[PDB]
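K.L.:
Partial complex here, more coming in a sec:
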Amino acid sequence: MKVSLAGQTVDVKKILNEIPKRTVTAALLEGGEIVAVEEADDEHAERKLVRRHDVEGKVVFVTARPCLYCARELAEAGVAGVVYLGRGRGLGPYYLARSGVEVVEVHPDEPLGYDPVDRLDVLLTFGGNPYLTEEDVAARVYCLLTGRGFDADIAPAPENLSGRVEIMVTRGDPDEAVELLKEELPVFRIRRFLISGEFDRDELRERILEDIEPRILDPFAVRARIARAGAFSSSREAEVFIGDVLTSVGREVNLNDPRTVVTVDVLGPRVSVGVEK
C-alpha cells in the first residue's frame, strides 16, 4: 500500500523491508526513497534523525508511534509528513496532526520481512501455538537480554520464516545468554553456534577444523537443517561435507548414539555450525 503526502509518495512494503528493524527505526525520505536512517539506542531514533541529518520539507517513516518530545523536534525541524507503524505508547502523532504535519498510521497485512542476522550466535525455535508470534518471542528475548546488560540484534521470523527467532550478540558472552534463555524459555529449542557466516567451501573447511573439531568428543553425528537452500541444498549434502572434513582428520561417526552432535543451520548463503554434547 502507498501513501501520498507532502509532495511525495511512499510505498510501505518497500520501505519496511528495506530499513533495519532491530530496534525502533526512523528513515528519512526524499522523492519517495530513503536518504537516511537512524536506529534507537539510548537516544530515540527520531531525535538522532533530526540532529544528524536535514529533515526540513521531507517525510519521515518510523517503525513506532513517535513520543511527544520527538514529535515536537520533528515538527520544529520542519518535517512535512510522518508515516508510522501503529505500535507503542507514544502520543506524538496527535501532537503532529495539530502542528501542520501530515501523519498516517499504517498496518500492513503482511509480515514485515525482518532480516536474518549476519552472525547467528543463538537460534531459537518453537512450534504449534497458532496465536503466538515470532515478535512475541523476540519481545521476551529482547527484554531478558537487555534487562541483564546484554547487547543483541534480534530477528523474529527472518525472511518471514515462521517458528524462528535469531539472535546476534554484539556485547557480552553468547553462552551466558543461551544459559539465561534456556532458563526462562523452557519449551523452546535454543541452539548455540560457534561459527556463522557466508563461507566458500574452502573457508568453511578451515573454519570447522579451527573452531569445531577440537571441541568434539567421539563419536559424533552431523545434524543439518536447511532453512533456505543456498550454500547447501539438502541436509545430507551438508552433513556429508562437514562429516567428511572431520572424519578425515580423523574423527569417528555414529549416527545412532553420538556423544557430540554437530549442528548446522543453513539460510541461503549463511552457514552456521555448533556442537552439542
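P.N.:
Structure's in. What do you need? Numbers count the residues shown, from 1 in each chain, chains lettered A, B, ... in the order given.
K.L.:
Break chain A down into its domains, please.
P.N.:
A:1-113, A:114-193, A:194-277 (curated CATH domains).
K.L.:
Would you reformat these as CSV and include mean neighbour count?
P.N.:
Where C-beta positions appear, they are placed from N, C-alpha and C, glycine not excepted. Below are those laid out as CSV (neighbours: other CB atoms under 10 Å):
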stretch, mean neighbour count
domain A:1-113, 18
domain A:114-193, 17
domain A:194-277, 17
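K.L.:
Contacts for stretch A:23-33, please.
P.N.:
A:8-11, A:15, A:19, A:34-41, A:44-46, A:48-49, A:53, A:55, A:58-64, A:88 (CB atoms under 8 Å, 6 or more residues apart in numbering).
K.L.:
Filter these down to the ones in strands?
P.N.:
Applying DSSP state E to the contacts of stretch A:23-33, the entries found in strands are A:8-11, A:34-39, A:59-62.
K.L.:
Show me which pair in those residues is furthest apart.
P.N.:
A:9 and A:39 (24.8 Å; CB to CB).
K.L.:
so who does residue A:61 touch?
P.N.:
So residue A:61 contacts A:10, A:15, A:19, A:26-27, A:29, A:82-84 (CB under 8 Å, 6+ apart).
K.L.:
okay if I get those residues as JSON lines plus distance to residue A:104?
P.N.:
Converted to JSON lines, those look like this (distance: CB to CB, whole Å):
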{"residue": "A:10", "distance to residue A:104": "9"}
{"residue": "A:15", "distance to residue A:104": "13"}
{"residue": "A:19", "distance to residue A:104": "17"}
{"residue": "A:26", "distance to residue A:104": "15"}
{"residue": "A:27", "distance to residue A:104": "14"}
{"residue": "A:29", "distance to residue A:104": "13"}
{"residue": "A:82", "distance to residue A:104": "8"}
{"residue": "A:83", "distance to residue A:104": "5"}
{"residue": "A:84", "distance to residue A:104": "8"}
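K.L.:
Which two among the residues you listed are spaced furthest apart?
P.N.:
A:19 and A:82, at 14.5 Å, using CB to CB across the contacts of residue A:61.
K.L.:
For stretch A:11-26, output the C-alpha coordinates as CSV.
P.N.:
Output of stretch A:11-26 as CSV, limited to C-alpha atoms (Å, rounded to 0.1, in the frame of the first residue of the first chain):
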residue,chain,number,x,y,z
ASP,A,11,5.5,2.7,-0.7
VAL,A,12,5.1,0.9,2.6
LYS,A,13,6.3,-2.7,1.9
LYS,A,14,9.4,-1.4,0.1
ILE,A,15,10.5,0.9,2.9
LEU,A,16,9.7,-1.6,5.6
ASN,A,17,11.6,-4.4,4.0
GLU,A,18,14.5,-2.0,3.4
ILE,A,19,15.2,-0.5,6.8
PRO,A,20,16.8,-2.2,9.7
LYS,A,21,14.2,-3.4,12.3
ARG,A,22,16.4,-4.4,15.2
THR,A,23,15.0,-1.6,17.3
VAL,A,24,12.8,1.4,16.7
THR,A,25,14.0,3.0,13.4
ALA,A,26,13.4,6.3,11.7
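K.L.:
circling back: so which of the contacts of residue A:61 comes closest to residue A:274?
P.N.:
residue A:19 (30.1 Å).
K.L.:
my guess is the closest one meets residue A:63, correct?
P.N.:
Yes. Here residue A:19 reaches residue A:63: they are 7.2 Å apart, a contact under CB atoms under 8 Å.
K.L.:
which residue packs closest to residue A:48, ignoring adjacent ones?
P.N.:
residue A:38 (3.9 Å; CB to CB, 6 or more residues apart in numbering).
K.L.:
Confirm for me that that neighbour is in contact with residue A:51.
P.N.:
No. With contacts counted by CB under 8 Å, residue A:38 stays clear of residue A:51, the gap being 9.4 Å.
K.L.:
Between the two, which contacts overlap?
P.N.:
With CB under 8 Å, 6+ apart, residue A:38 and residue A:51 have no common neighbours.
K.L.:
now the sequence for chain B, which goes on the structure above:
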Amino acid sequence: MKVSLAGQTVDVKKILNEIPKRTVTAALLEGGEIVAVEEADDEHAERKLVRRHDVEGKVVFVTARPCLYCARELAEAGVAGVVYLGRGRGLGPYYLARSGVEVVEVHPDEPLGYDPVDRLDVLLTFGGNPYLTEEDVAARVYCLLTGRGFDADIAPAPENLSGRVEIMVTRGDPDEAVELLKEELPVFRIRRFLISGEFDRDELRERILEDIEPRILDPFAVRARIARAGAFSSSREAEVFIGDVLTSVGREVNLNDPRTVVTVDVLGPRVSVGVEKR
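P.N.:
Take a look at chain B, now in place beside the chains above:
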C-alpha cells in the same frame, strides 16, 4: 493526502467531505469514490454496511476505529481494505491486519484511552521492546478467549501504561482462562488475582482473610507493584500492610525461600491480590 490500498486510491479530504458526520459513519468505496453510506444508530455503521451492501473486494472508510465485532464482519465478508479516522476505543484494526485486510488510520485525533478495568481477574504484562504493541496482544487475547467460549472485557494500556493488558472475565471461569492463556501464550507474564476492587483498608483486610489466607502455604512473601499510587503509595507500604494481615492471623513470612508468593497490583484506588506457589 491520498492512500492507495486494495488497488484503489482514496483521496482522504474529498471522501471525508462527502460523508455525513452526525454519528459514526461507514462508506463503501470503488475507484475509489463513494457508492454507499450507512450511519450508526442502535447498530454500528459497519454492520449496516455489510448487511445492506456488497463489500467484497472493496475498500471501506469509517469515521472512527472499528470495533472487533465490526472487524470480524468486515473481514469475513471479503473487505480488502479499511481507512478510518483516529478516534475511539475500537481494536478491530489489529484484527483486520491479521486477517489480510489492509488498514490505515488517518487524522489521528485522540489515543484509544482505555480505563483500568473494574475487576482485574487476569493481568498480562510484557516489557519494553520494539516488536509488540498492547492493542495487538489484546486483540489476539480476545480471539483466543472468545474462541473457547470465554467472554471478557479487555483493556490494553489503560491510562496508556506500557506493556500492560487487563482482563476482566465476564463469562466462564477465570482460572480456566489463565490456564488457556498460559498454554497458548507461554511467553507472557500472566497473573491471576483472586480479589480486585476499590476498598477501604478494613474491607481489604476482610477480603484478604476470606479469599487469600486460606490458600497460603507457609512460608509466604508479599510482592506488590504500584502501577499508579493511590490506595497505596509504595511497594513496601502495600507489602507491610498485607504481610501483617497474614502474620496477625498465624501465617509465617520467609522472604528468602517462600512456598507461596502473595501478588499485589495497585492502580489508583484499585488493589488486586493473588497467590502464586513456589
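K.L.:
The contacts of stretch A:23-33 again, this time with chain B added?
P.N.:
Outside stretch A:23-33, the residues that touch it by CB atoms under 8 Å, 6 or more residues apart in numbering or on different chains are A:8-11, A:15, A:19, A:34-41, A:44-46, A:48-49, A:53, A:55, A:58-64, A:88, B:130.
K.L.:
need the helices for the stretch 101-250 of chain A, in chain order.
P.N.:
Under the criterion DSSP state H, counting those that start in this stretch, the stretch 101-250 of chain A contains helices at A:134-147, A:174-184, A:201-207, A:235-247.
K.L.:
Could I get these in TSV, plus columns for distance to chain B?
P.N.:
Output for those, formatted as TSV (distance: least, CB to the nearest CB, whole Å):
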stretch	distance to chain B
helix A:134-147	4
helix A:174-184	9
helix A:201-207	32
helix A:235-247	29
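K.L.:
Quick check: residues of the stretch 151-277 of chain A near chain B?
P.N.:
A:156, A:185, A:187 (CB under 8 Å from any CB of the partner chain).
K.L.:
So which of the residues you listed are in strands?
P.N.:
Going by DSSP E, the strands hold residue A:156 from those.
K.L.:
Pick out the residue nearest the middle of chain A.
P.N.:
residue A:155 (2.3 Å; CA atoms, centre = their mean).
K.L.:
residues contacting that residue?
P.N.:
A:22, A:114-117, A:138, A:165-168.
K.L.:
what's the closest non-adjacent residue to residue A:1?
P.N.:
residue B:5 (4.1 Å; CB to CB, 6 or more residues apart in numbering or on different chains).
K.L.:
what's across from the one you found in the sheet?
P.N.:
residue B:8 (DSSP bridges).
K.L.:
quick revisit: any idea which of the contacts of residue A:155 is closest to chain B?
P.N.:
residue A:138 (4.9 Å; CB to the nearest CB).
K.L.:
Tell me which residues touch that closest one, please.
P.N.:
Here residue A:138 is in contact with A:154-156, A:165, B:129, B:131 (CB under 8 Å, 6+ apart).
K.L.:
how about 7 Å then?
P.N.:
Residue A:138 makes contact with A:154, A:156, A:165, B:131, according to CB atoms under 7 Å, 6 or more residues apart in numbering or on different chains.
K.L.:
Hmm, residue A:134 and the second one touching each other?
P.N.:
So that's residue A:156. Yes. Contact between residue A:156 and residue A:134 holds when scored by CB atoms under 7 Å: they sit 3.5 Å apart.
K.L.:
Could you name every residue contacting both of those two?
P.N.:
Joint contacts of residue A:156 and residue A:134 (CB under 7 Å, 6+ apart) are residue A:165.
K.L.:
farthest residue from the center of chain A?
P.N.:
Distance to centre of chain A, CA atoms, centre = their mean, peaks at residue A:250 (36.5 Å).
K.L.:
residues in contact with residue A:114?
P.N.:
A:21, A:155-158 are the contacts of residue A:114 under CB under 7 Å, 6+ apart.
K.L.:
can you check residue A:165 too?
P.N.:
So residue A:165 contacts A:124, A:134, A:137-138, A:141, A:154-156 (CB under 7 Å, 6+ apart).
K.L.:
if you set the cut-off to 10 Å instead, what comes out?
P.N.:
A:114, A:122-126, A:133-142, A:154-158, A:185, A:188, A:190, B:131 (CB atoms under 10 Å, 6 or more residues apart in numbering or on different chains).
K.L.:
Then residue A:231?
P.N.:
A:197-201, A:204, A:237-238, A:241, A:264, A:266-271.
K.L.:
Pull the contacting residues for residue A:84.
P.N.:
A:24, A:26, A:46, A:60-66, A:90, A:92-93, A:96, A:103-106, B:105, B:108.
K.L.:
oh sorry, the question was meant for residue A:127
P.N.:
A:162-164, A:187-189 are the contacts of residue A:127 under CB under 10 Å, 6+ apart.
K.L.:
now for the contacts of residue A:138, which pair is the farthest apart?
P.N.:
Maximum distance among the contacts of residue A:138 (CB to CB): 9.7 Å, for A:165 and B:131.
K.L.:
thought residue A:256 was touching residue A:219?
P.N.:
Yes. Using CB atoms under 10 Å, residue A:256 is in contact with residue A:219, at 9.3 Å.
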